[PDB]
């Protein structure tokens, strides 16, 4: 049998954060800890929520210490603010980094044996649900609001580790493009291809089945349709991307991903490479590597990405799918090679071993060897 974990409640569309004060009142919560970063405070994005909470008379404290690729230290610091704040629920405002920190704080607060953070790695043996989380994405996006995953950086051991726990699922997600409009174009581009990576890896993952196939192929269609227009500053394209990135996530934790995420995690751990940039550069190379193990699925991908596939052979469709992703990456200004974003040739042996042992790599339709992963990093590194 196949399990699907989703948000019990989700609000979609421009103005969705306007639903938050009535959700809090109906749930009888007394005090929020807002988990976010300094940039979202500075840019007035957090104020779009706190101004509504102030007018409704709802108490909140804030922790804005989250950094990209959030660390054990960031989790322990936010846990300290939660405990000393007396909050009874959490509001995650931001991208994957704040939403992942928020999941870690919520789990540990109701399962305090995990306050070391490291022991959460894998299928966390937690007894209690997380503190209730209201999730508000500001990128489009990681779909952190709908997955049961969170990823923490172990600075000491130079590795990203994945915590997988049904207990961490947010009670409500608010998917509001108003919260996302302030993304610089380069951030729309990188988080957008992260979302496309989730959709493509999900579609072809080993555990794929009828319902996840329907959700993931629709996500690819929405994202391929909207991402260029969103990067160019189009308002409606922004709202499409906000939905597209969510739908892409409805499969990540439920069926899995593959070698793109497996090879991206070690780059974040070694270099603090932005997750979306790493995925975008690797995606088309891993798609080429996987092509022979995906049945007819690359014809579907090609088709919804605007390729005329009618009258192409399977081989021609498979090449057209890979080229369509190369083309998207060029159109939205993603660098084409790993050397361009600060990777070192000398690190590839270590990167490959980390990638081979990453949990995401298990879902890859073609079984990956150390030798194959070394060769793929080399193929992605330079001209």
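Positions refer to the first chain, counted from 1.
Higher average CA B factor: 251 to 259, of the stretches 251 to 259 and 88 to 96. As the entry records it, the average C-alpha temperature factor is higher for 310 to 318, out of 310 to 318 and 337 to 345. Per the PDB record, 303 has a higher Cα B-factor than any other of 303, 198, 188, 103. For residue 299, the recorded CA temperature factor ranks within the highest third of the chain's modelled residues. Ranked by C-alpha B-factor against the other modelled residues of its chain, residue 293 falls in the highest third. In the deposited entry, the Cα temperature factor of residue 221 places it in the middle third of its chain's modelled residues.
Annotation for residue 194: CA B-factor lies in the lowest third of the chain's modelled residues. Ranked by Cα temperature factor within the chain, residue 5 sits in the lowest third according to the deposited record.
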